[PDB]
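J.: After the structure tokens below, expect a handful of questions from me.
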Amino acid sequence: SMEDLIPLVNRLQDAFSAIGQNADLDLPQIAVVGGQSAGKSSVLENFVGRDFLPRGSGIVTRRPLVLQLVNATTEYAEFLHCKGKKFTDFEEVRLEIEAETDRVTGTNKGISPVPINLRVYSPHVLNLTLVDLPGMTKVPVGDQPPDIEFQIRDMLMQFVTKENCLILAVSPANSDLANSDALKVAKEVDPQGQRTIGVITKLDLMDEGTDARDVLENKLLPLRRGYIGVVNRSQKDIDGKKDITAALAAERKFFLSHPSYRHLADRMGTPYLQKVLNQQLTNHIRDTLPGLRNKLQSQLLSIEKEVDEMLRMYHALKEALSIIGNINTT
Amino acid sequence: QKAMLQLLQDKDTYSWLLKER
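In structure tokens:
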């Protein structure tokens with residue numbers, strides 16, 4: 005259903021344009037959340053299919069980045085704060101985004117609440133909103149204040165409460181697993197797990213002697229989709245510019261030994277997480293379409309029976739209805 | 613009332629009668 009939905013959504017916007025109405029589908033946004041240093045950027049960029057999110061040492065997501073994807077013929081990017089700037093090199097794009105974060109916070113443990121605004125045009129995407137958010141913490145590191153936790157936490161909470169927010173729930177191993185920022189937020193919005201996949205990352209770095217075994221066996225609090233684990237890029241990995249395919253290879257090794265996950269091994273990996281999330285998205289789009297269709301029918305009728727000599731309506735309305743119908747049938 | 617009934621006679625003045633614009 006995702007595959008057939010994509011083209012129909014663009015077509016629907018065009019019909020709306022002709023009516024001269026401000027009518028949009030308002031595609032739901034997806035937000036990635038997780039502890040400090042979680043691999044948050046890695047997860048998000050893997051879904052998008054591109055290297056464009058800054059990654060570094062220590063604190064990585066240091067400013068929220070609100071990216072709106074725009075269907076367009078040419079492939080390029082532009083910043084709100086950099087009016088008119090033309091790249092054309094996607095490796096350069098990545099670099100520029102990273103640079104802007106350094107601009108305000110430096111690379112010495114950072115933080116700023118001011119969003120970076122980026123528009124990435126592509127002809128193979130939904131007009132979506134994705135958000136990279138600062139890592140929530142429990143104890144201060146570097147020069148961060150004692151109340152670091154409370155500043156960061158608030159910031160990301162404004163995005164994840166939005167109805168229909170696919171949560172990329174990343175959970176850091178350097179914090180207690182039961183105290184998981186990811187699992188907390190994920191459970192709050194979508195308790196039954198139609199679109200929540202509980203993901204525990206960085207599993208190879210967990211402190212000796214702790215585990216979430218009952219929860220992770222899908223028995224303690226059973227979820228329809230269960231839990232899928234992943235092992236993303238480590239500190240050495242990010243430092244080196246280790247590329248996307250490589251990161252997946254490290255995952256395999258850990259999972260064979262961990263008691264809480266070996267029986268569920270066939271329902272593990274990044275790739276499996278991908279499949280589930282897409283399905284939910286489609287549902288929202290369709291639901292809004294019946295309402296419009298009906299309005300259009302009513303307007304036409306009146307003038308026709310008294311034929726007002728305002729025959730211009732006839733043609734405009736007819737067009738809109740056809741587009742709507744096709745999406746409704748799927 | 614009786615005069616008001618008289619307008620109905622002309623069929624081909626039908627569509628010619630109707631417009632409401």
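Heads up: the sequence lines are chains D and E, in that order.
All the letters of the first sequence, read from the start, carry residue numbers 5 to 311, 726 to 748 under PDB author numbering.
Note that PDB author numbering has the second sequence beginning at 613, numbered continuously upward.
Heads up, the beta-carbon is just placed ideally off N, CA and C, and yes, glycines get one too.
1. For the candidate residues D:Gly213, D:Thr286 and D:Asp180, whose alpha-carbon lies nearest to that of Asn131 (chain D)?
2. Which bits of chain E does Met728 (chain D) rub up against, with CB to CB less than 7 Å?
3. Please look up how many angstroms separate the CB atoms of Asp147 (chain D) and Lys188 (chain D), rounded, as I've assumed it's under 8 Å.
4. Exposed or buried, what is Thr141 (chain D) when buried is set at 16 or more other beta-carbons lying within 10 Å of its beta-carbon?
5. Starting from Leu630 (chain E), find everything on chain B with Cβ-Cβ shorter than 7 Å and list it in chain order.
6. Is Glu221 (chain D) helix, strand or coil when you go by DSSP?
7. Looking only at C-alpha atoms, which of D:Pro149, D:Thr109 and D:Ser264 sits nearest to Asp218 (chain D)?
8. Looking at the C-beta of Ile307 (chain D), does it have a partner C-beta in chain E at a distance below 8 Å?
9. In whole angstroms, what separates the C-alpha of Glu212 (chain D) from that of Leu224 (chain D)?
10. Is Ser179 (chain D) helix, strand or coil when you go by DSSP?
11. Give the DSSP-derived three-state secondary structure of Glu632 (chain E) in the structure shown.
12. Taking the C-alpha atoms as reference points, what is the distance between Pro58 (chain D) and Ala216 (chain D)?
13. Pick out the complete alpha helix (DSSP H) segments inside the stretch 247-273 of chain D, 4 residues or longer, and give them in chain order.
14. What's the call for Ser45 (chain D), buried or exposed, on a 16-neighbour Cβ count within 10 Å?
T.: Judging by the given coordinates:
1. D:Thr286
2. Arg633
3. With 8 Å as the limit, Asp147 (chain D) and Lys188 (chain D) do not qualify as a contact, their Cβ atoms being about 26 Å apart.
4. buried
5. Here chain B cannot be found, since the structure's protein chains are D and E.
6. coil
7. D:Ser264
8. yes
9. 22 Å
10. coil
11. coil
12. 31 Å
13. 248-259
14. buried
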